[PDB]
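Colleague: Take this structure first; my questions come after.
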Protein chains: 2
Amino acid sequence: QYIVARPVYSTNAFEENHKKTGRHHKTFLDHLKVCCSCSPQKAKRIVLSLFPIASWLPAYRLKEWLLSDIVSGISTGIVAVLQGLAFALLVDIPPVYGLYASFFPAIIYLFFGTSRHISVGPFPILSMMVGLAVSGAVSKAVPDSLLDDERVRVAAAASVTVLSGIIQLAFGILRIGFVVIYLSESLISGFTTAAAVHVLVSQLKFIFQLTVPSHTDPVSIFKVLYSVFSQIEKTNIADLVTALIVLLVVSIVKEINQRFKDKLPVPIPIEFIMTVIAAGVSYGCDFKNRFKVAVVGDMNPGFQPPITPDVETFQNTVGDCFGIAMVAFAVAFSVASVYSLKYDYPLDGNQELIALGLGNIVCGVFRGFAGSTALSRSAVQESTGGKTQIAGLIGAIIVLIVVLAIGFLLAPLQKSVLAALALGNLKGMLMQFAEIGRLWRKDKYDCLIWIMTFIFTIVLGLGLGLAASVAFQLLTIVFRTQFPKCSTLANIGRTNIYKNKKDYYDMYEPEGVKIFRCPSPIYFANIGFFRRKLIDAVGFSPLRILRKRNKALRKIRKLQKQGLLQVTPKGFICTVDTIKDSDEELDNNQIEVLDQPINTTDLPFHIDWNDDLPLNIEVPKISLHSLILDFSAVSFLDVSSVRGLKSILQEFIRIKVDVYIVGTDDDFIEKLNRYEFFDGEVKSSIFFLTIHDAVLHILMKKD
Amino acid sequence: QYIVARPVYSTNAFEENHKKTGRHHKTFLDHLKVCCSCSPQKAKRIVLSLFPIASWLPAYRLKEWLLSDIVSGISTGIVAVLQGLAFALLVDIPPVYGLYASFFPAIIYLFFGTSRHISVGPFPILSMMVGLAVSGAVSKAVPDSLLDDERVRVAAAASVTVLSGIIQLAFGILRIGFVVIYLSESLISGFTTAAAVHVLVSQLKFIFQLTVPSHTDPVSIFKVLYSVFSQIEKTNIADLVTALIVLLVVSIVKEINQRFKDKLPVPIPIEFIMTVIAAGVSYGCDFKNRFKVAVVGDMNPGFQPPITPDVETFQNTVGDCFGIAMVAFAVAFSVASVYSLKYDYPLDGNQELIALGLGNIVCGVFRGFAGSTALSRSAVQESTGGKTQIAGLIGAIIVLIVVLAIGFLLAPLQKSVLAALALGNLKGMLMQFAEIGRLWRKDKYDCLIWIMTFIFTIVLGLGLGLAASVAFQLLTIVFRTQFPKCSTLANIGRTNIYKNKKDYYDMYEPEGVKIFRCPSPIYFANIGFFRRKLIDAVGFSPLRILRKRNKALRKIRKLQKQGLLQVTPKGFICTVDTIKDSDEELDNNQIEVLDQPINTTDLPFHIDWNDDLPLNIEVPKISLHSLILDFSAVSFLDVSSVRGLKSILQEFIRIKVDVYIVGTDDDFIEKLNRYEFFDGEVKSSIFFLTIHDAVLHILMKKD
Ligand SMILES: CC(C)CCC[C@@H](C)[C@H]1CC[C@H]2[C@@H]3CC=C4C[C@@H](OC(=O)CCC(=O)O)CC[C@]4(C)[C@H]3CC[C@]12C
Ligand SMILES: CC(C)CCC[C@@H](C)[C@H]1CC[C@H]2[C@@H]3CC=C4C[C@@H](OC(=O)CCC(=O)O)CC[C@]4(C)[C@H]3CC[C@]12C
Ligand SMILES: CC(C)CCC[C@@H](C)[C@H]1CC[C@H]2[C@@H]3CC=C4C[C@@H](OC(=O)CCC(=O)O)CC[C@]4(C)[C@H]3CC[C@]12C
Ligand SMILES: CC(C)CCC[C@@H](C)[C@H]1CC[C@H]2[C@@H]3CC=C4C[C@@H](OC(=O)CCC(=O)O)CC[C@]4(C)[C@H]3CC[C@]12C
Ligand SMILES: CC(C)CCC[C@@H](C)[C@H]1CC[C@H]2[C@@H]3CC=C4C[C@@H](OC(=O)CCC(=O)O)CC[C@]4(C)[C@H]3CC[C@]12C
Ligand SMILES: CC(C)CCC[C@@H](C)[C@H]1CC[C@H]2[C@@H]3CC=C4C[C@@H](OC(=O)CCC(=O)O)CC[C@]4(C)[C@H]3CC[C@]12C
Ligand SMILES: CC(C)CCC[C@@H](C)[C@H]1CC[C@H]2[C@@H]3CC=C4C[C@@H](OC(=O)CCC(=O)O)CC[C@]4(C)[C@H]3CC[C@]12C
Ligand SMILES: CC(C)CCC[C@@H](C)[C@H]1CC[C@H]2[C@@H]3CC=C4C[C@@H](OC(=O)CCC(=O)O)CC[C@]4(C)[C@H]3CC[C@]12C
Ligand SMILES: Cc1c(CC(=O)O)c(=O)oc2c(C)c(OCc3cccc(Br)c3)ccc12
Ligand SMILES: Cc1c(CC(=O)O)c(=O)oc2c(C)c(OCc3cccc(Br)c3)ccc12
């Protein structure tokens, strides 16, 4: 049974009775001293962190990993070259550079990445942001045949990717890799759904084989839809039907692969065996002159010389570069986190940012585009049996083999099989659409975040949609605690349990005592509402009572000066039957005098202010004689709430009702001590430990 | 003394023992029914709210107000015409329209405003924002002698003010007048400081009588500084010296007016006598040909015909219109709130928005600009003795008299005495600069908001700086609770008081029990940090323990299948001296099997998992056998934190350690019931009332 026999504490007698350890809080000098205190072990640890490869390469086990690693590397390399060919078209650049986006960063990641399962490269939505940023750049560059336009587009892509990599490297160096926590789960869901719809709309111009002008940021998806639906009559029926059949069978075989896992190890690489089928069917049968199907151009073999990034493209695409870098880092961290949790190894987000930045910089310098890990490719690599990043090495080797020697294949490719392959990974993100119902029935509040994120992204394009969604998500925090369900507490069962005042039957509030609870932190957006709710719950504005008391005191002093009232130690003689009620109206610049606290030290009679006054003065009465604030859920006050709380406490103290604050820990009172909260009026003895402690102290003091 | 004797409760037995009132929460149908249920009393109340004038005109007391009201009206009218002349110059439009901005809205406010002390009109910040919006509008309008430029500027000003009034009216209709609470006190202070610097820089082109191009939003103050400092040699020494002397005398007299209040009622109207002596000195002595001082042009008497607002200017300045409307409403509410608190009358924010919108619309339709209440003018009107809005009527009457009959005056005005008068009321706002020190020594977190607001406003111009600062402040809200000071609790004095684990000496944690406290709400930005801190405090990742236990069970089952181990009710025979340790490496797509909950029902021996296992299995031991989460400060969980909490609770329950949640009220458990938090695993019996209740229940269950 709950049995306690302790003295009543008030966090002041408690501090005296129980001494503290007196821990020294960390200053600013010692922090700098300890981070700047270089040591050989610290240097070795920081170097190993900056070069994670040396951490695990000597620890590689050469018996149970090589076969699985090489198989996964081959499979992920094939899927990576196919995905690069598909994704390079989203930027309206020649597909050759796609191989670079699937080759250069991954190699760099091998020597700087900390994860062990993801497969670095391009993923479709990042490619779409690259394309949007490029279309913005070329349309804004001041001017000083189509191959020239393609070359300037690829130059813009390289520049934008180099700047994105520079931004990622700068973020990683500054050790601000904790930014990824500002993106909620609901915002991520909404962004994934909107991105799914965006990629579905953007692949249409390849499924139908039409020509669309490169649209811009303000409203992109709807413009692409309009321009692609205005020219249905100019479609290619053969390309449409082949895209539909390959997409349908790819989805079917993906469903079979997901359904059958135990009986089917090393899942069927339908992508390779089907791109080869499409290539073989196109070859010989000539789906380039018998039909008018667009075909991937002749691949020019060999690498390309690096080009310095353009300063003008840096200047014109800064905000979109910030956006693309943040999206890339967030996607990579979210993809790697699941595998890290599954296999239980440490993950360094900041090192991930550094590796991504270096990979992006290297790839962009060599005419590629921004890269990360792709969920579909990473899932393929892991499920095939990927163990370490050596699978990434084998994938890069396969991509290099394709880009160097085996390049005249994939040349008769249908240029729509790639689009269907890219869009076939849309099952998860589109099926995620069934999240409005769950959130609405669950929380009714994160559903608002999801819907607003979806609408904002769809309207604004992913460059600005993410930022607007983040702003709205941050605003929803203030929205949640904008109107706290402030309540009045009361005793239950004549014990030390206190609950809401409209929830039970055998309740008993102590006489002249009202207990208030505000179950949310009080900051700039809450102090007004908290003050209004507290005043309404109490039943009277303390300032009004104080002003009325001051006016009554002034009237009494005036009557005493006129001699109509004689001051006695007990009461007054009141040598008047009835006065004419010559109430005075105080002008401006003098009403503030009524705000001052009342001190009747001159008058021997201690006026009760609650029974009655001579000559029938107003003097409104108050039954409440003590107030306890249940600050058990208050988590932080900064400035405005502190000023409001100080004003409220001064107002209550001045009308001669004590106020007690209950439930706060030592950290809260320590923090409040800095705000100059305490002074000659609001002492430090108003803080207590538990509501029952406060009420017991009140009862002891009163009688 | 603190005496209590009650049974141990767990918010489930407590619910059964103490029945609830069963209050019916308001639905969506009843809310609509009650707001749509029109009633004659409700209609009368809503009409009186929509026309607050009829509320107080019959209640006017024509014995003690009329003299003070008329005096205040005359004084505020003189100061209002002077201020309008000064402020209209900030928009680079002829000063005539300034009178309109000081006349039209105020009259409208008389029939729609609810405040009783403020004086409606233009204030220099709103004029500057109008000027910036106009300069943006004319520079962006597609094209289809100097007076034509002035006429198009005034047309743009009228259009932008009409749109701002429309926005204000729309906001007031929608009853969203609570937006004004999103602006903290620190943000307000920073904005006022930056705006003081802005007005000081923008009055320079009049302080010296030069010519400056109308700069734009991106960086305005610095551009004006450069273009005004490149032409110091083209100044007017007479204008400079006269502006300096009028500034000096007005500052000195303001100082003596603040210092001397009791001995000097109805404060000296220094502005009126100063401008009249400046005009008299200019007249006759001809400060227009003896010197080259720019003067106010010949006033064209009479009103002007209304012009329809321009659609092109409407669409070109939507965002700046939103910004100016919000700034105007916030300024008016902040100015009126102080007086409402001083005189204790009801104040309606939504009605204030409606009145401001109607006034702005009427003024803009009649060729004026945006209007609000100015702190200087309102303070003058109140301190002179203003009692109600009739003083506003008298001020509007004086302005009308000036604009109709006495208009040839103020023509020999010096066009810099007005600038000096406008800038002389800046001391009380520039003295806010000494707020960085107070905040830094006080809170160290709102000082960041103040500095960021100052920098953002200075760099970006007010219209964008306000929005950027609001976004940063909303981000700071998350910043405060991004890294909660998570702590471990322990008993104090062998009683029901629990405190931090590094703050006392005679502490006693119960055996195998760790109590965790997270003193901040857990949302998307906190669940990862909370989980990491909790796991670190406990000392082991539960998932690792569960996986190792599952691996050990699989190995034991394999040995039993091979027959090397014989299962007995107590222990095993273990018919092997030592095995070769043929540890198996589980491949991918099968590791998740180790994640499944443990269930050794088939084996009769209940494995303790803490003493020892045959054949020297790893099986890490855990001393902790019960965990209590002090959810006394948790205020809200939405989705992501709920998912993380469910995962953590499942992980802990599966490794056979009970988990209890303590301190939450009925509202929190009711809310958590919706998130599908409870199921067959995490029952509803894990919630308790107090930490001592939880530990007492643990002790009772254990022994
Ligand atoms: C609060 C929620 C609803 C988000 C706010 C939505 C606005 C930011 C969107 C909605 C409608 C959009 C407009 C809809 C149509 C157009 C026309 C469009 O012009 C073209 O047709 C350009 C063609 C070309 O040059 O290729 C330029 C963007 C614009 C003004 C859009 C700008 C962005 C707007 C205002
Ligand atoms: C979230 C809120 C804003 C509700 C969404 C409303 C939509 C139904 C509206 C808002 C913006 C509108 C679009 C604004 C601009 C365009 C582009 C316009 O096409 C062009 O300008 C032609 C391009 C060219 O040929 O250069 C066709 C109409 C369309 C898709 C509009 C279709 C209807 C849209 C999507
Ligand atoms: C976390 C921080 C450190 C990352 C910021 C990214 C910088 C590495 C980028 C972003 C803005 C870039 C600048 C944007 C604009 C210019 C002006 C440009 O000057 C010109 O020659 C202008 C050309 C013209 O306008 O005619 C020189 C490069 C520079 C400094 C850029 C250099 C690279 C900068 C600093
Ligand atoms: C995330 C935190 C830790 C750092 C964020 C820093 C950025 C918000 C700032 C830092 C420097 C800024 C840049 C400084 C200089 C320039 C060049 C500027 O271009 C010009 O100088 C144009 C001049 C002309 O047109 O005459 C465009 C803005 C930009 C890219 C700025 C963009 C915003 C930047 C990257
Ligand atoms: C991160 C915090 C601390 C500061 C916020 C950074 C940006 C929001 C600001 C800082 C520097 C600003 C830039 C500074 C200089 C210019 C040049 C300016 O162009 C001119 O001055 C053209 C006129 C002329 O120079 O003749 C256009 C705005 C711009 C790009 C500014 C845009 C807004 C920027 C990037
Ligand atoms: C704390 C940081 C983030 C912001 C403050 C930095 C300032 C010291 C810099 C940043 C942008 C600069 C401005 C960028 C552009 C211009 C416009 C330029 O206007 C002109 O007349 C240029 C044309 C010419 O004179 O040839 C004058 C300098 C100025 C105000 C610069 C002055 C110095 C500024 C304000
Ligand atoms: C729900 C509440 C918050 C409503 C708030 C009001 C504003 C959002 C409305 C009121 C007036 C509206 C404007 C009134 C007139 C027009 C002209 C209209 O026509 C054009 O400018 C296009 C034709 C052309 O090119 O001339 C475009 C929308 C716009 C700017 C409107 C945009 C939306 C505004 C600002
Ligand atoms: C704050 C909440 C309560 C309401 C938010 C509404 C605004 C953010 C939206 C609603 C309607 C929008 C307007 C709808 C239409 C247009 C016309 C658009 O111009 C064009 O379509 C130009 C097309 C061309 O030039 O061909 C410019 C933006 C604007 C004013 C939009 C600006 C953003 C507005 C005011
Ligand atoms: C394009 C894409 C694909 C297509 C493919 O990989 O083939 C996918 O499968 O998953 C995605 C996921 C899960 C995404 O969310 C990650 C995220 C985390 C934090 C902030 C933000 Br913003 C985004 C974003 C894009 C994709
Ligand atoms: C122009 C101006 C003058 C000049 C004069 O009247 O002579 C003044 O004296 O005070 C001001 C104050 C105190 C201002 O802050 C009010 C505010 C409240 C809430 C949000 C925001 Br954003 C702003 C804004 C402008 C002025």
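What you see of chain B is 8-151, 167-725, where the numbers are those given in Swiss-Prot.
Structure determined by electron microscopy, 3.8 Å.
Note: Cβ is positioned from N, Cα and C throughout, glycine not excepted.
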Colleague: Both B:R123 and B:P331 on the same side of the membrane in Swiss-Prot, yes or no?
Modeller: yes
Colleague: Do you know which of B:291-311, B:375-395 Swiss-Prot annotates as transmembrane segment?
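Modeller: That would be B:375-395, the stretch labelled transmembrane segment in Swiss-Prot.
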Colleague: Is the transmembrane segment (B:77-97) packed against any residues at least 6 beyond its ends, judged by a Cβ distance under 8 Å, and which are they?
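Modeller: Contacts with the transmembrane segment (B:77-97): 103-106, 108-109, 126, 128-131, 134-135, 138, 224-225, 228, 288, 291, 293-294, 297, 318, 391, 396, 398-399, 402-404, 406-409, 412-421, 424, 432, 435, 437, 440-441, 443-444.
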Colleague: Do any residues, 6 or more residues outside the topological domain 'Cytoplasmic' (B:396-411), come within under 8 Å Cβ-to-Cβ of it, and if so which ones?
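Modeller: Here the qualifying positions are 60, 63, 67, 72, 75-76, 78-80, 82-83, 86-87, 90, 116-117, 120, 122-126, 128-131, 288-289, 357, 361, 417, 447, 450.
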Colleague: By Cβ distance under 8 Å, which residues at least 6 away from the ends of the topological domain 'Extracellular' (B:433-469) in the same chain are close to it?
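Modeller: 89-90, 92-94, 96-97, 131, 206, 208, 211, 214-215, 217-219, 221-222, 225, 228-229, 231, 261, 264-266, 268-269, 272-273, 276, 293, 296-297, 300-301, 304-305, 309-310, 315-321, 397-398, 498, 501-502.
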Colleague: Note that 15 residues are unmodelled after B:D151 and before B:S167; then state the distance between the two Cα atoms in Å, as a whole number.
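Modeller: A straight Cα-Cα distance of 17 Å links the two sides of the gap.
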Colleague: For the transmembrane segment (B:470-490), which recorded stretch in the set B:100-120, B:176-196, B:343-363, B:375-395 gives the largest number of Cβ pairs separated by under 8 Å?
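Modeller: The stretch with the most contacts is B:343-363.
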Colleague: Are there residues at least 6 beyond the ends of the transmembrane segment (B:100-120) whose Cβ is under 8 Å from a Cβ of it, and what are they?
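Modeller: Result: 57-60, 87-88, 90-94, 126-129, 134, 172, 175-176, 179, 318-319, 321-322, 325-326, 373-374, 376-378, 380-382, 384-385, 388-393, 411, 414-415, 417-418, 421-422, 424-425.
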Colleague: The transmembrane segment (B:198-218): which same-chain residues, six or more beyond its ends, come within Cβ distance under 8 Å?
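Modeller: Result: 132, 348, 351-352, 355-356, 370-372, 374-375, 448, 451-452, 454-455, 457, 461, 468-469, 471-476, 479-480, 484, 487-488, 491-492, 495-496.
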Colleague: Near the transmembrane segment (B:375-395), which same-chain residues lie under 8 Å Cβ to Cβ, leaving out any that are not at least 6 residues past its ends?
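Modeller: Apart from its flanks, the transmembrane segment (B:375-395) reaches 57, 95, 98, 100, 104, 107-116, 119-122, 125-130, 133-134, 136-137, 176, 179-195, 199, 325-326, 328-329, 331, 346-347, 350-351, 353-354, 357-358.
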Colleague: Using a Cβ-Cβ cut-off of under 8 Å, list the residues of the same chain that are 6+ residues beyond the ends of the topological domain 'Extracellular' (B:219-257) and lie near it.
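Modeller: Beyond its ends, the topological domain 'Extracellular' (B:219-257) has Cβ neighbours at 96-97, 99, 131-132, 135, 138-139, 142-143, 146, 265, 314-316, 342, 437-438, 440-442, 444-445, 448, 452, 479-486.
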Colleague: Determine how many residues of the topological domain 'Extracellular' (B:219-257) DSSP places in helix, in strand and in coil.
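Modeller: Helix, strand, coil within the topological domain 'Extracellular' (B:219-257): 22 helix, 0 strand, 17 coil.
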Colleague: What parts of the chain pack near the topological domain 'Cytoplasmic' (B:121-124), using Cβ distances under 8 Å and only residues at least 6 beyond its ends?
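Modeller: Apart from its flanks, the topological domain 'Cytoplasmic' (B:121-124) reaches 59, 63, 358, 361-362, 365, 367-370, 373-374, 377, 395, 400, 403-404, 408-411.
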Colleague: Cβ under 8 Å, sequence separation of at least 6 from the ends of the topological domain 'Extracellular' (B:364-374): give me the contacting residues as numbers and ranges.
Modeller: 56-57, 59, 119-124, 194, 197-200, 202, 351, 354-355, 358
